[PDB]
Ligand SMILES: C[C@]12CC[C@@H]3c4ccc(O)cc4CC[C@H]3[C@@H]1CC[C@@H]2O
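One chain follows as structure tokens, the form solved without the ligand.
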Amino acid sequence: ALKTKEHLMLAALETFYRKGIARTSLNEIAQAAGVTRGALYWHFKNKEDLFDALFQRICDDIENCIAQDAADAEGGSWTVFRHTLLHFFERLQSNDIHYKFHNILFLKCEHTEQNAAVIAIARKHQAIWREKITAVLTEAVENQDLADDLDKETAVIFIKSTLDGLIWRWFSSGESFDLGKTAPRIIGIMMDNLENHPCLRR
């Protein structure tokens, strides 16, 4: 019977991805899941609770692969950081669930205060990235991989901005360019800038 709930959340993701969330009625999710609105209201209080339960689960799974890809990675924290970033963008192509998650967060939702769950998922995703980037940066200067006078506060903004822009451009372009070729270049330039550009120094 729990298959019905997982069907609903995946039907929610698919419908959220093709119509945006606001234009998605609970009836449309139910029809896409081959069920009725009674099924949804049974498992979920409303559309907000369905979006939150769906995007809390996916956001946790994203945090897990970034953690799992790093723990199974040999080398220094700064070497596996490139490793974790490349796999993140590979999942954007190959992992449909993670792909739709990010695409919905960037393009097909309104980040405004009345959409409480959207603002909550966005901050959760950003706090995850802030946590990973911050810890990687401290470890990378404790190993001379980056200079000990690195402007690390500016570095987190620089890193997250660079990656958000690639994700945004890729989505907003309608995937007009090859993420598999572009992301390695943009990440390498980003990491080269953190090693050698003087403006990322204090």
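The first residue of the sequence shown is number 1, and the count goes up from there. Each form is matched to the other, and the largest set of C-alpha atoms that superpose within 1.5 Å is called the rigid core.
Per the compared records, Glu48 is resolved in all of the other entries whose models span it, so no third of them omit it.
Checked against the other entries of this protein, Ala70 counts as unresolved in at least one third of those spanning it. For the pair 65 to 73 and 155 to 163, the mean B factor over Cα atoms is greater in 65 to 73. Mean CA temperature factor is higher for 81 to 89 when stretches 101 to 109 and 81 to 89 are set side by side in the entry. Highest CA B-factor among the listed residues (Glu28, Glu139, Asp149, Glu175): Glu139. Ranked within its chain, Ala32 lands in the middle third, by CA B factor from the PDB record.
Per the PDB record, residue ranking by Cα B-factor puts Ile119 in the lowest third of the chain. For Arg201, the recorded CA B-factor ranks within the middle third of the chain. Only modelled residues enter the ranking.
Although it is not shown, the form solved in complex with the ligand is what the next lines describe.
The pocket of the shown chain is blocked, since the ligand, superimposed from its pose in the bound PDB entry, puts 3 or more atoms within 2.4 angstroms of backbone or C-beta atoms. The contact with the ligand in the bound PDB entry, taken as any heavy atom within 4.5 Å, belongs to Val136 out of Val136, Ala39, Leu26, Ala33. For the candidate set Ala155, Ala140, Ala53, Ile167, a heavy atom within 4.5 Å of the ligand in the bound PDB entry is found for exactly one residue, namely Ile167. For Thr84, a non-hydrogen atom is located within 4.5 Å of the ligand in the bound PDB entry, even though that partner is not displayed. Although the partner is absent here, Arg57 is not a contact residue: none of its heavy atoms lies within 4.5 angstroms of the ligand in the bound PDB entry. The closest heavy atom approach of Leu163 to the ligand in the bound PDB entry falls within 4.5 Å.
Contact check for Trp78: every heavy atom lies farther than 4.5 Å from the ligand in the bound PDB entry. Across the proposed site, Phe16, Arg18 and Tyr99 without exception lack any heavy atom within 4.5 Å of the ligand in the bound PDB entry. Listed stretches are 173 to 181, 155 to 163, 142 to 150, 44 to 52; the contact stretch with the ligand in the bound PDB entry is 155 to 163, by a heavy atom cutoff of 4.5 Å. When the two forms are superposed on their rigid core between this form and the one not shown, the C-alpha shift of 2 Å or more among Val156, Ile167, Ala33, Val136 belongs solely to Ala33. After superposing the rigid core, the C-alpha of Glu113 moves by 2 Å or more between this form and the one not shown. Taking 2 Å as the criterion, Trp42 counts as shifted between this form and the one not shown: its C-alpha moves by at least this amount when the rigid core is aligned.
Once the rigid core is overlaid between this form and the one not shown, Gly188 does not reach a Cα shift of 2 Å, moving by less than that. Annotation for the pair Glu63/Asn103: C-alpha atoms recede from each other in the bound PDB entry, by 3 Å or more compared with this form. In the bound PDB entry, the separation between the C-alpha atoms of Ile119 and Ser25 shrinks by 3 Å or more relative to the displayed form.
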